[PDB]
Amino acid sequence: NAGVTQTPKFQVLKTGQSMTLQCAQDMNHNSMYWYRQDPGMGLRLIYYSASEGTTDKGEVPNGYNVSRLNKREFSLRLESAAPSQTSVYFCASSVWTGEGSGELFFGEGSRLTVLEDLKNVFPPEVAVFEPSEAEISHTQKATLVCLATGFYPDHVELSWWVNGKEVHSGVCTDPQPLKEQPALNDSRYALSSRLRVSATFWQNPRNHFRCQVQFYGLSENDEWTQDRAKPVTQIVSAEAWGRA
Amino acid sequence: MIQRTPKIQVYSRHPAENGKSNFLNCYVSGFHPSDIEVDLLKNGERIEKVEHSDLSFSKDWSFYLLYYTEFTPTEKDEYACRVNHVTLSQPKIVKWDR
Amino acid sequence: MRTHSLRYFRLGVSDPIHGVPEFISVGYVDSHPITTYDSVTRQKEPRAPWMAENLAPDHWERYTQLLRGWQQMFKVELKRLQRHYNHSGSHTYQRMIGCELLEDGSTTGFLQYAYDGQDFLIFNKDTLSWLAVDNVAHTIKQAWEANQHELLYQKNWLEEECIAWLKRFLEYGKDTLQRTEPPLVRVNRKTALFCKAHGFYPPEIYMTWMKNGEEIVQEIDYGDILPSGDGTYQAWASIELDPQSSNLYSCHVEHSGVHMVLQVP
Amino acid sequence: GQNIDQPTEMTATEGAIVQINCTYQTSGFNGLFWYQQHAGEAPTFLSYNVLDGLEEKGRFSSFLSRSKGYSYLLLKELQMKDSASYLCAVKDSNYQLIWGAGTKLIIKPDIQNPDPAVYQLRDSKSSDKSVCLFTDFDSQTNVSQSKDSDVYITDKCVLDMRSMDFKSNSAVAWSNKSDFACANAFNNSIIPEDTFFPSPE
Ligand SMILES: *[C@@H](C)/C=N/c1c(NCCCCCO)[nH]c(=O)[nH]c1=O
């Protein structure tokens with residue numbers, strides 16, 4: 001009952017690198033599709049497979065190929081990645097062909113960034129800032145802030161952990177990152193998140209707070225030649241304790 | 001399972017006049033299921049160079065085909081159409097009646 | 001214009017003999033085949049030159065993909081019917097969909113299915129429901145009618161899309177489809193009078209016999225309208241002569257708005 | 001060619017009604033779809049129309065006029081969870097889906113007791129940044145991006161404290177410049193006249 005399972009969620013590539021995106025559906029659907037989604041335009045079909053045993057080009061096939069490996073699986077290949085292929089890729093499936101009233105079922109999406117040089121890739125710095133005492137006395141509430149700054153590309157997941165458990169109530173994380181230099185096309189990014197709790201919860205000294213950012217970056221086979229540390233996929237975090 | 005036997009009609013393209021080139025048609029229709037064998041005969045022998053339309057579909061779910069060959073009718077030569085189908089015990093022969 | 005129609009047929013065979021296709025689909029405008037696909041070629045191809053000349057390769061390529069999907073769907077449905085029927089051996093499944101644009105401007109649209117050459121499910125696009133002929137069909141009717149959006153989609157296709165396609169193909173093929181070749185009609189004796197017509201297009205023709213100005217349809221033998229092979233058609237009708245009393249017999253032919261009377265002296 | 005148009009963005013208030021329009025010009029018509037796409041997530045099917053009229057599904061209804069080539073998705077009793085992009089798509093005569101670019105729907109929370117204020121968060125011993133929080137303001141307030149290249153200001157974000165059924169807007173500003181101060185951080189925004197600025201030092 002998984003629906004449409006596609007991988008990877010994030011991937012950084014250098015121009016010329018090869019990449020395969022995987023997609024499987026367990027719904028016994030006959031038709032499968034690969035779409036790309038870009039700002040300011042509607043979804044564009046790259047390739048599709050009307051049925052097991054056949055495939056054909058969509059609207060934007062150049063630079064891609066597909067394989068309908070079986071009834072379940074439909075993979076997308078970038079043999080030689082180009083920067084223009086930086087996009088969010090969605091696999092989808094439908095019961096029968098594109099023909100009729102049947103809707104599409106989408107996978108969770110794959111974010112690809114293709115770069116001329118990996119020297120632009122940076123993990124985030126993460127810092128946590130404890131609540132204002134003035135806020136506590138004026139509102140009986142306490143807002144912590146987490147800042148994840150200087151990262152590139154925008155492949156991050158930020159989470160809050162209270163007392164060893166991930167929380168989402170009381171959390172607001174910016175839905176889009178901030179360009180630290182809005183004019184540069186490859187600007188590094190910043191992202192802020194807030195966790196707001198009652199003053200009583202913040203004033204318990206045994207309560208523990210952590211902001212954690214998963215960064216998706218380079219891997220073992222990426223070549224690195226810079227003086228700084230290789231920006232591999234990694235988790236960066238910062239913490240705070242409550243205070244009486 | 002209702003199987004329907006073919007209706008077989010044999011006729012010339014134009015009203016036939018001896019010595020004038022014509023086409024001999026065999027129109028096989030109304031049959032089901034679709035597999036069928038059709039030969040045009042001349043003096044009882046199978047004509048070799050014989051054309052035919054693709055299998056065609058009728059609204060009543062039956063099928064039809066047209067088999068045809070160019071010929072020049074003479075007073076001596078007799079022509080027929082021979083059809084086999086799952087509904088026929090032996091092949092059915094229909095002679096051209098001009 | 002005269003009345004015209006567009007229709008698409010599908011045939012599926014569950015256990016075909018060697019060579020014969022598991023699946024065939026053919027389109028027609030009036031009596032003219034326009035498109036063909038089968039499980040051996042796996043390609044949708046024109047069957048009329050005026051279709052090939054007016055539809056770019058992207059058309060044939062796209063519908064080739066849809067037809068490969070429709071082929072598989074037809075196999076699944078036939079396999080399911082043959083289970084419900086608990087039938088062994090080879091069985092056939094057929095579909096026909098289409099529309100007519102009538103002379104007066106009105107339209108019709110239809111969609112139906114057959115199992116072993118007999119009506120199985122018939123769509124009513126006005127009540128948005130399927131007529132089932134037996135209990136296997138009734139089970140399918142329930143599944144199809146649960147999908148109300150698909151019923152609406154079929155009504156829209158029959159009433160709007162099909163008519164738009166037909167008008168597009170009628171223009172593509174207008175030199176063939178909209179021409180008139182009048183019949184050549186003669187009477188001869190063989191004892192019965194035969195009224196014979198040939199060389200005419202379109203194939204729709206009305207031939208009958210009258211006796212002293214009255215039509216006795218119960219004693220008339222009507223021949224089929226048959227293809228002559230050159231794009232035109234031929235037909236006939238006969239009536240048996242009374243050898244004990246003279247009568248004024250006349251053959252009446254109507255074709256494409258013109259009436260003809262041949263009186264037998 | 002063929003094209004489909006819908007507004008880039010719409011903003012409405014919580015509890016209210018919004019109508020998202022979609023107009024299309026296509027070669028044939030085999031039905032119109034609406035999908036919802038929350039930010040960072042997959043689109044999910046909402047509705048299908050192919051004949052004329054209005055169809056209802058909970059708080060959402062979808063209308064179609066084939067002759068006008070128009071549809072709208074109608075959302076009643078707006079909730080914060082309706083914040084998402086809404087994608088129209090039309091199947092043309094060859095069953096190709098033509099996708100609109102999507103309408104981003106932003107929902108303004110109903111702030112029961114606005115208490116606008118700018119607070120100085122405590123410094124982190126691991127960061128050179130000073131951090132200010134503008135919070136608890138009414139939803140008509142807009143937060144402008146910064147004009148100093150070494151000051152960073154994020155857009156407002158709606159937080160829900162579910163245990164207290166309490167929603168609040170906030171925006172964050174930070175800098176490592178020595179002349180940065182919370183009293184001036186949001187100077188480029190139009191902030192409420194009664195915004196509370198607690199004393200420093
Ligand atoms: C090329 C246009 C071939 N089309 C075709 C079709 N088209 C009809 C699709 C109708 C949708 C509503 O059911 N049908 C068919 O059976 N065979 C074809 O070859």
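No hydrogens, no waters, no symmetry mates; every other heavy atom, side chains included, goes into these values. The sequence lines fix the lettering, A, B, ..., with proteins before strands; numbering per chain opens at 1. As the structure lists them, so they are numbered: ligands from 1, and atoms in each ligand from 1.
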Distance filter under 4.0 Å to [X] heavy atoms, resulting ligand 1 atoms:
{"X": "C:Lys44", "result": "1 (C), 2 (C), 3 (C), 4 (N)"}
{"X": "C:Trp70", "result": "5 (C), 6 (C), 9 (C), 14 (N)"}
{"X": "C:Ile97", "result": "12 (C), 13 (O)"}
{"X": "A:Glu99", "result": "11 (C), 12 (C), 13 (O)"}

Non-hydrogen atoms of [X] versus ligand 1: any pair closer than 4.0 Å?
{"X": "C:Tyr153", "result": "yes"}
{"X": "C:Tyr37", "result": "no"}
{"X": "C:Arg10", "result": "yes"}

message = Just to be sure I read this right, does ligand 1 sit under 4.0 Å from the backbone of C:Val26, its side chain, both, or neither, counting only heavy atoms?
response =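 C:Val26 to ligand 1: no contact under 4.0 Å from either part.
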Identify the heavy atoms of [X] and [Y] that sit nearest to each other, and give their distance.
{"X": "C:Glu103", "Y": "C:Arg2", "answer": "OE2-CA, 4.1 Å"}
{"X": "C:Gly27", "Y": "C:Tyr8", "answer": "CA-CD2, 3.5 Å"}
{"X": "D:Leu54", "Y": "D:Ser61", "answer": "CD1-CB, 3.8 Å"}

message = Does C:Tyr85 form a side-chain hydrogen bond (donor to acceptor under 3.5 Å, both in side chains) with C:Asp134? I'd like the steps, not just the answer.
response = CA-CA 10 Å; C:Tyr85 280 117; C:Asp134 61 26; 2.6 Å; yes
What protein heavy atom is closest to [atom], reported as residue, atom name and distance in Å?
{"atom": "atom 11 (C) of ligand 1", "result": "D:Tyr95 OH, 3.2 Å"}
{"atom": "atom 17 (N) of ligand 1", "result": "C:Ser25 OG, 2.7 Å"}
{"atom": "atom 13 (O) of ligand 1", "result": "C:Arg95 NH2, 2.9 Å"}

C:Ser106 backbone acceptor or donor facing C:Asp104 side chain under 3.5 Å =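 Side chain of C:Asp104 to backbone of C:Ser106: a pair is present.
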task = Taking A:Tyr33 for its side chain and A:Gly98 for its backbone only, find out whether a donor-acceptor pair lies under 3.5 Å.
result =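 Side chain of A:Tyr33 to backbone of A:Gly98: a pair is present.
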message = Check this for me - ligand 1, C:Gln154, N or O atoms closer than 3.5 angstrom, yes or no?
response =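 No.
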message = Within the 3.5 Å criterion, strictly below it, is a donor on C:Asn124 or C:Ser129 matched to an acceptor on the partner's side chain?
response =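 Side chains of C:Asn124 and C:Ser129: no pair found under 3.5 Å.
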query = Would a line drawn from the ring center of D:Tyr72 to the ring center of D:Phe63 be shorter than 6.0 Å?
reply =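 D:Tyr72 vs D:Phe63: aromatic centres under 6.0 Å.
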